[PDB]
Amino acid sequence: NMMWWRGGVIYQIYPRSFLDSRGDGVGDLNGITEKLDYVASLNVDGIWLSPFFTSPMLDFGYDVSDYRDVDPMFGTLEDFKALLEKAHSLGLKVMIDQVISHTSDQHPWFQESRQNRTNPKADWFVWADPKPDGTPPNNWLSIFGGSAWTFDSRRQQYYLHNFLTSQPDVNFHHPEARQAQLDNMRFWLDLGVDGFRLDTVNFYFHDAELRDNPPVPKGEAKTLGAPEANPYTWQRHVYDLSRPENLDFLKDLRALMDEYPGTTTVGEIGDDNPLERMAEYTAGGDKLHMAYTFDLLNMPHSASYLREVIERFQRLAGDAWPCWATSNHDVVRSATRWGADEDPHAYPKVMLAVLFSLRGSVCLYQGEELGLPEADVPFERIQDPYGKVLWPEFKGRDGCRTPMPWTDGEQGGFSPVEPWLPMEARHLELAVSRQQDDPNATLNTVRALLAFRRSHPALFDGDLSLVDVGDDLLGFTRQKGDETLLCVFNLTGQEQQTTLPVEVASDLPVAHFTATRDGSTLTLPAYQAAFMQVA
């Protein structure tokens, strides 16, 4: 089953906030291992672990100082090997973040590189002379605030960092640096991991000519990957990322993956035109296997919007393959971001039915299966550096990173001490223990939906054809071989009725959804999904 990834459903675990088995208030690897039975019970096909590598934690793991080891607060490399073995014993694939665009400034490569202009690693990061006036080489901005360039007195040069000052970007124009990153990835492949989530995958190359970005014209939409309050959104990102050279590197990376049959990659795209970049990066069978974008990670969420995304994607490369996600550790939890003005119990169920019915692979974020709302983290508990630069207009990402509620008890059973981010009180009522045996809880809707998805080949990788069910319903067929299903979703809080545009052979009940069909007339109460076998 070497193509499991092309349609598979992956559960994203954010290790710091999953389960603290050790007792310091931070989630760790043994905590994950303890809960792998729960993960398998979701009927997902695998997991993706956010970073657990040695890190000063200034960007909570995305600032890596040793690519081939586990940070002591998460445990050890043997703990990882044990996690991997247990996941495999349960039939789960294990993917891990690879953060190859940048290192921590505490990474030995950077410690060496920064000493002078002449050392063996001088060119492994992106160094440039100041302008004659002493200022940065160009107008590029860090996503986390200020110039993307920081001066280092040792070299009398600036280095580039798209993110924190402590996250210097690796110079992909330097072949030895690219190869060192591939070798780091091979280390994990040799341990038996099933694949990688590639952080900021389109960022790897910058323009060697260091050209200024043009401004975004007034009245034009801002990028989907950053809050509008961020100055980063005032530029069109043409020279700082998404450069042609990256396509060739993706081929080298794919060649590595191809040496390990059954392994996969999902790239994180952060681009002004993200569907286009995802299609380009995942086409040709010789680059990324799949990638996700911020198209479904932002504010719009109507049936019309979703149709628009699908229509746009269906004009792009026919050999592209998307991974769809509605939540992750970088954005407001979907139950709030999309569902704040909808019924808090019913809406996440139909939203997830949609996610699980789109043509593509799926990433499901920890806690999204519980219908968890965004947490409200008080100012004095804020941890994310991205929550301390644009406050209060943008409050960072801590609200989606609060600890998982295993129980309704003290700290939700997450830790014996006060956790690194506060347990959200509302989450206790929605805890795993509270949903486990409630057939009406979102947890069990998810289990049922994913069991249903598994039972229909059309819902793994079938073609998708939009059908006309009116403006306020989302409807499409999914087809693989002899199976054609009609899928219709009412994402609204009001009943909708439509004539069906295709002939239906039978109804397919799932997960306590309650749509009524009388011949060609389909009635969908608020927040209901309907699946039918097409004649």
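Throughout, we count residues from 1 along the sequence that is shown.
Taking only CA atoms, the mean B-factor in the PDB entry is higher for 414-422 than for the other of 414-422 and 394-402. Averaged over CA atoms, B-factors in the entry run higher in 503-511 than in the other of 503-511 and 45-53. Per the deposited coordinates, the residue with the largest Cα temperature factor out of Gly462, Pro231, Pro175, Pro373 is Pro175. The PDB entry gives the largest Cα B-factor of the residues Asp190, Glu368, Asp330, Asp295 to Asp190.
Among all modelled residues in its chain, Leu474 ranks in the lowest third by Cα B-factor. For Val64, the recorded CA temperature factor ranks within the middle third of the chain's modelled residues.
Per-chain ranking of the deposited C-alpha B factor places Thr336 in the lowest third. Split the chain's modelled residues into thirds by C-alpha temperature factor. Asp71 is in the middle one. Among all modelled residues in this chain, the alpha-carbon of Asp384 has a temperature factor (C-alpha) in the lowest third.
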